[PDB]
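Below: one structure in structure tokens.
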Amino acid sequence: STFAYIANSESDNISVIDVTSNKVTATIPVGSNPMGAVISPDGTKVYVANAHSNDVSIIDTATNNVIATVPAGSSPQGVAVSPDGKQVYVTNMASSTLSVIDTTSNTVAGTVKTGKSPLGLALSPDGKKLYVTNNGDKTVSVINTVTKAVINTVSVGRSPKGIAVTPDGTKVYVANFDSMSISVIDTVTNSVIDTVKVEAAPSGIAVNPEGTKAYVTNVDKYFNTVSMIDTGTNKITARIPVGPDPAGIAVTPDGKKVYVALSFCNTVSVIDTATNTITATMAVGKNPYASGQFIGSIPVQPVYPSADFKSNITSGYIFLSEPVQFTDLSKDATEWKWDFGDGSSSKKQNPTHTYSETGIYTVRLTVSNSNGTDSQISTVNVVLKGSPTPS
């Protein structure tokens, strides 16, 4: 049960996607301008940064329900979850602070002054060090999660954004958006040990489970790509063309797929890490952003409805003004939404419809329940008696 949680900033909701079928299985309303979603290590909770409502939504992965809303700082952007799931970290861009949230009480247990305009954050594997990119300061703040103090300020490039730590915790990669480079930090000394020059504006960063490769989203008018970086040489080895303004990015836990949210297109592109090719691009909410750990396996899967139906159409076609009987065959559905493909619709389970003009119509059935949604399509050929029949 592996899923992706995409924050649709302009529709104030979260798109849940089954990474196995690349299908959106649910849409969860949250706060205002959700800019980030992250799943806890155990996969039981998802945390969402609502930029315009200065708070965090907490979602129960078993029911897709928001169970709480914790107030944060000014303009929350990114979230990270401690290895045990007891503390949630949030970057507050406008107030240049970091909120530390206690998950046993779901309340703010600390506020740390970061660099100017913090954005990206990534936690060390042991959970003791948090790394924050101060986007408006050309620096990364290294915070001691125990003392809640910045123990070191690493100098990086201009407008640092995306940031990630390797699985073995030896290196932290930093995307310097305006400097067209990627800083590499040695966690042992918090020293920049290498700066990788790139073709465009590096934005998001994600290291694969093996720690061998790091994927980077690069912004450039018309030449947007998803680049790869060999963690052993710190050199780009491949570039994959993607839609405009790629931002956030994540690798699936099995390392087979790469998810990229295209805010400008209201879609999410899926890449096969084996062939470095785009194997799918699906629609989500408006202005999707997905930073950090937004993909993970959950122990309990919510009971999703399964759309399916049939009609009284036998010959593959139907005559003009001849009624069509639709029978719902969906599983675990409590709500129906029929689109006949002619501008009319229905909310009845088993609707009847008559078309007023000949033609080929697309009939879509969208079923839903407290946990999510599912859809089914069907083509209906309406013709006159004696007219040519379909193949």
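In this chain, numbering begins with 1 at the start of the sequence shown. What's counted below: heavy atoms across the whole structure, side chains too, no hydrogens, waters or symmetry copies.
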Are more than 12 heavy atoms, taken from residues, nucleotides or ligands other than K138, located less than 6.0 Å from that residue's NZ atom?
no
Using a 4.5 Å cut-off on heavy atoms from C-beta on, say whether the side chain of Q325 contacts that of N350.
yes
Taking it one step at a time, do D245 and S263 satisfy side-chain hydrogen bond (donor to acceptor under 3.5 Å, both in side chains)?
CA-CA 7 Å; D245 206 34; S263 61; 3.3 Å; yes
Quick one: salt bridge (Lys or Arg N to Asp or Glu O under 4.0 Å) partners of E199, sequence neighbours excluded?
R239
Distance col, row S40:OG vs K86:NZ, nearest 0.5 angstrom, shows 11.0 Å
Gap separating the OH atom of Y317 from the OG1 atom of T358, nearest 0.5 angstrom
14.5 Å
Under 3.5 Å: donor-acceptor pair, side chain of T25, backbone of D18
no
Can you find a pair of side-chain heavy atoms, one from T103 and one from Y47, that are under 4.5 Å apart?
yes
Which residue in the set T91, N134, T153 passes side-chain hydrogen bond (donor to acceptor under 3.5 Å, both in side chains) when paired with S141?
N134
Assigning hydrophobic clusters by single linkage (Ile, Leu, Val, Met, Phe, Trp, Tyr; side-chain heavy-atom cutoff under 4.5 Å), is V108 placed with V38?
yes
Classify the side-chain pair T69/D55 by whether it contains a donor and acceptor separated by less than 3.5 Å.
no
Verify whether one side chain among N8 and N13 offers a donor that lies under 3.5 Å from an acceptor in the other.
yes
Determine whether the side chains of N92 and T97 contain a donor N or O and an acceptor N or O closer than 3.5 Å.
yes
When every non-hydrogen atom of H353 is compared with those of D342, the smallest separation belongs to NE2-OD2, 2.8 Å
Less than 4.5 Å apart, any side-chain heavy atom of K347 and any of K337?
yes
For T366 and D339: C-alpha separation, side-chain torsions, deciding distance, then whether side-chain hydrogen bond (donor to acceptor under 3.5 Å, both in side chains) applies.
CA-CA 8 Å; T366 301; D339 175 48; over 6 Å; no
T133 OG1 to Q77 CD distance, which is reported to the nearest 0.5 Å:
10.0 Å
Among the clusters formed by ILVMFWY side chains lying less than 4.5 Å apart, do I59 and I39 turn up in the same one?
yes
Looking only at side-chain N and O atoms, does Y289 offer a donor or acceptor that is under 3.5 Å from a partner on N33?
no
Going only through I, L, V, M, F, W and Y residues with side-chain contacts under 4.5 Å, is there a path from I313 to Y361?
yes
Note: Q349 and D328 closest approach over all heavy atoms is O-CB, 3.4 Å
Can you get from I14 to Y259 by hopping between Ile, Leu, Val, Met, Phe, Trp and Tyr side chains that sit under 4.5 Å apart?
no
Please evaluate residues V300 and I298 with respect to the criterion side-chain contact (heavy atoms from CB on, under 4.5 Å), reporting the C-alpha separation (whole Å), side-chain torsions for both, the decisive distance (0.1 Å), and the verdict.
CA-CA 6 Å; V300 185; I298 67 177; over 6 Å; no
I'd like to know whether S370 forms a side-chain contact (heavy atoms from CB on, under 4.5 Å) with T334, so could you lay out the CA-CA distance, the side-chain angles of the two residues, the decisive distance to 0.1 Å, and finally the verdict.
CA-CA 8 Å; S370 65; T334 69; over 6 Å; no
Closest heavy-atom pair, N64 versus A26, reported as atoms and distance to 0.1 Å, is ND2-CB, 3.6 Å
With no hydrogens and no angle check, do the side chains of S57 and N50 hold a donor and an acceptor under 3.5 Å apart?
yes
Between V172 and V192, is there a shared hydrophobic cluster once you connect ILVMFWY residues whose side-chain heavy atoms come closer than 4.5 Å?
yes
Report yes or no: do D230 and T237 form a side-chain donor-acceptor pair below 3.5 Å?
no
So do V142 and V154 actually touch side chain to side chain, heavy atoms under 4.5 Å?
yes
Would you be so kind as to tabulate the donor-acceptor pairs closer than 3.5 Å made by side chains of residues 201-208, with sequence neighbours excluded?
from	atom 1	to	atom 2	distance (Å)
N208	OD1	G211	N	3.0
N208	OD1	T212	N	3.1
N208	OD1	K213	N	3.1
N208	ND2	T212	OG1	3.1

Minimal heavy-atom distance between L123 and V81, with the atoms involved, is CD2-O, 3.6 Å
Say whether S330 and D374, considering side chains only, have a donor N or O and an acceptor N or O under 3.5 Å apart.
no
Please confirm whether the backbone N or O of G43 pairs with a side-chain atom of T61, one donor and one acceptor, at under 3.5 Å?
yes
Please test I58 against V70 for side-chain contact (heavy atoms from CB on, under 4.5 Å), starting from the C-alpha separation and ending with a verdict.
CA-CA 8 Å; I58 302 184; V70 184; 4.0 Å; yes
Distance-only criterion, 3.5 Å: show the donor-acceptor pairs between side-chain atoms of residues 158-167 and protein atoms not counting sequence neighbours.
from	atom 1	to	atom 2	distance (Å)
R158	NH2	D178	O	3.0
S159	OG	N135	ND2	2.9
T166	OG1	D168	OD1	2.8
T166	OG1	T170	N	3.3
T166	OG1	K171	N	3.1
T166	OG1	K171	O	3.3

Please round to the nearest 0.5 Å and tell me the distance separating atom CG of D220 and atom OG1 of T225.
8.5 Å
Heavy-atom donor-acceptor pair, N371 side chain to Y304 backbone, under 3.5 Å
no
CG/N152 to CD1/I185 distance, rounded to the nearest 0.5 angstrom?
8.5 Å
Within the side chain of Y355, is there an N or O that forms a donor-acceptor pair under 3.5 Å with the backbone of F340?
yes
Short question: side chain of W338, backbone of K348 - any donor-acceptor pair under 3.5 Å?
yes
Sub-3.5 Å donor-acceptor pair from the side chain of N218 to the main-chain atoms of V216, do we have one?
yes
Point-to-point distance, once rounded to the nearest 0.5 Å, from CG of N266 to OG of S15:
9.5 Å
Closest non-hydrogen contact found for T2 with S297 is OG1-OG, 2.8 Å
Could you tell me whether a side-chain N or O of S82 sits under 3.5 Å from a main-chain N or O of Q87, the two making a donor and an acceptor?
yes
Donor-acceptor check, side chain of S96 to backbone of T114, threshold 3.5 angstrom: yes or no?
no
Distance-only, no hydrogens or angles: does the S181 side chain make a donor-acceptor pair with backbone N or O of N176 under 3.5 Å?
no
Side chain proximity check, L130 to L98, heavy atoms < 4.5 angstrom
yes
Output yes when a side-chain donor or acceptor of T145 lies under 3.5 Å from a complementary backbone atom of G127, and no otherwise.
yes
Heavy atoms only: give me the nearest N369-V303 pair and the separation to one decimal.
ND2-O, 2.9 Å
Looking at side-chain heavy atoms only, is the closest gap between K129 and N190 below 4.5 Å?
yes
Determine whether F326 and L365 make a side-chain contact, defined as any pair of heavy atoms from C-beta on separated by less than 4.5 Å.
no
Under 4.5 Å between any side-chain heavy atoms of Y89 and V100, yes or no?
yes
